[PDB]
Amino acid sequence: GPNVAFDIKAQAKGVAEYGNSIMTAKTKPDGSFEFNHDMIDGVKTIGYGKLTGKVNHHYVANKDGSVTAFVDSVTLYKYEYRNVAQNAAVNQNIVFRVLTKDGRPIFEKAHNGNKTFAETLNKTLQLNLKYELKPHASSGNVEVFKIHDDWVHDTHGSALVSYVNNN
């Protein structure tokens, strides 16, 4: 039967590809995963974010030692954020987004980073991918969704005129 190593990881859009932005998720072989990120304000850590989910996949072993990996879909369960300290970039806000491979947003959460919370997504995104894998073959890195974790600084203002009759 199969002898497949599964992983999931997150890499920031650079180009980069020097490997420094890569975060490996805690995973199980059934596809379960969990990403943890430190949120920086940026004098120190103000909180920890956690995205949980599961890749739905299954494997068929062949006689010759090759295997077929079916990557059916990927489910996102929760996004949680645990505030630890007060945000000292006090006019900046955080936006966390998850999007499909194709750029379509499916979750968005804007917040100031000072409140703990948990949001439930329970969103399954269909992939229907198949990798025919010879001995020692790798699928390589296959995007299954996108992530945005942004700092927003919004100086919103208005132009005010005034007139005084000095007589």
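In case it trips you up, residue 1 is the first one in the sequence shown, and so on.
| query | Would you class the number of unmodelled deposited residues between residue 159 and residue 160 as none, 1 to 3, 4 to 9, or 10 or more? | reply | Unmodelled stretch: none, continuous chain.
| said: Tell me which stretch has the larger mean Cα B-factor in this entry, 100-108 or 37-45. | reply: Result: 37-45.
| said: When the Cα temperature factors in the entry are averaged, is it 149-157 or 5-13 that ends up higher? | reply: Stretch with the greater average CA B-factor: 149-157.
| Among 133, 142, 121, 61, which carries the highest Cα B-factor? | Max CA B-factor in the entry, restricted to 133, 142, 121, 61: 61.
| field | Ranked against its chain, the third holding the CA B-factor of residue 68 | value | As the PDB entry reports it, the C-alpha B-factor of residue 68 lands in the middle third of its chain.
| query | For residue 95, does the deposited CA B-factor place it in the lowest, middle or highest third of the chain? | reply | Residue 95: CA B-factor falls in the middle third of its chain.
| said: What third of the chain does residue 114 rank in for C-alpha temperature factor, lowest, middle or highest? | reply: Tercile = highest for this residue's CA B-factor.
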